[PDB]
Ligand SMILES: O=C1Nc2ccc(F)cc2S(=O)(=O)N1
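Shown here is one chain on its own, the form solved without the ligand, set out as structure tokens.
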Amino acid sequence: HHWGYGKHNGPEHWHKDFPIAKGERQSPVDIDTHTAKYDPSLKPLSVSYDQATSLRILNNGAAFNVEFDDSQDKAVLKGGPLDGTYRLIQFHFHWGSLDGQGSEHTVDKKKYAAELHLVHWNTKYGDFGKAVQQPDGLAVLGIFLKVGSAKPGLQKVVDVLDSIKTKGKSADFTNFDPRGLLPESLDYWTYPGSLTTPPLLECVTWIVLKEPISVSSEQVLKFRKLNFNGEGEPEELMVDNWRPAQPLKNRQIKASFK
């Protein structure tokens, strides 16, 4: 009886196995744009993904992850509210059963159809495992998805989902360029938070982009065909794999723009 997104093992139940769920810096949160503080000292984000090397795509029962080779500084994030270099290890999405919900973070209570999370770890800690033991060990770049025009750069991902329909399945996924998933502007909001799935560790510096990317109804529909279940068990569609907004507590959201 492990964690999930169902009525008996959903987000409201996570605190029993992961007490940190009721912690001081949990994510996601609602971004109140009028209370966010413009910080002139925040430097522009530096995204260097030209040398990225994707390796595999897999269904882990909660979402699907596209993993990258992080043995060298091939795809890194620098600048912004960050000190040092952060290496990209994987990206995944959270989505809903309908176009009106799916994102984890909200903007003035508005929910988007999905949210993309590019996960990076601080290279000064040597590896991901060590990074998750530090308060500044991870940096997650969050991008909202709205339904409208199709995103060409996302198609290669949607076309392989059929091969990893059930939990545990994985497939080679090389030469995928994540630059095709980025919006025009890099304006962002940032705040200290946590991973949005167990273990819910509080080691994340969140960088949420203000500009969402558009994807087509057909593309998001393919996400909804995945299964939470594995093997040959009762089919349970992988939808609404998002966590509700958490208390901001003693935290301030900063904006790179005004």
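Numbering starts at 1 and runs along the sequence shown.
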| query | So which stretch wins on mean C-alpha B-factor, 198 to 206 or 51 to 59? | reply | 51 to 59
| query | Which has higher Cα B-factors on average according to the PDB entry: 122 to 130 or 103 to 111? | reply | 122 to 130
| request: Using the entry's values, work out which of 87, 117, 167, 179 has the largest Cα B factor. | output: 167
| message | Just to confirm, going by the entry's C-alpha B-factors, which of 66, 31, 45, 213 comes out highest? | response | 45
| request: Grab the CA temperature factor for residue 189 from the record and place it in the lowest, middle or highest third of its chain. | output: lowest
| Split the chain's modelled residues into thirds by Cα B-factor; is residue 74 in the lowest, middle or highest one? | highest
| task | Using the B-factors in the PDB entry, rank residue 228's C-alpha atom against the chain and give the third, lowest, middle or highest. | result | middle
| task | Report the third (lowest, middle or highest) to which the CA temperature factor of residue 243 belongs, ranking only the modelled residues of the same chain. | result | lowest
| request: Classify residue 152 as lowest, middle or highest third according to the C-alpha B-factor given in the PDB entry, relative to its own chain. | output: highest
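Here the subject shifts to the form deposited with the ligand bound, a form of this protein not shown in this document.
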| note | Taking the ligand as it sits in the deposited complex and superposing it onto this form, judged by whether 3 or more of its atoms come within 2.4 Å of backbone or C-beta atoms, we find the site open
| task | With heavy atoms only and a cut-off of 4.5 Å, decide whether residue 206 touches the ligand in the deposited complex. | result | yes
| said: Please determine whether residue 82 contacts the ligand in the deposited complex, using a 4.5 Å cut-off between heavy atoms. | reply: no
| task | Although the ligand is absent from this view, report whether residue 220 comes within 4.5 Å of it in the deposited complex, heavy atoms only. | result | no
| request: Would you check, heavy atoms only and a 4.5 Å threshold, whether residue 119 touches the ligand in the deposited complex? | output: yes
| message | Within 4.5 Å, heavy atoms only, which of 226, 42, 195, 29 is in contact with the ligand in the deposited complex? | response | 195
| Within 138 to 158, which residues come within 4.5 Å of the ligand in the deposited complex, counting heavy atoms only? | 138, 140
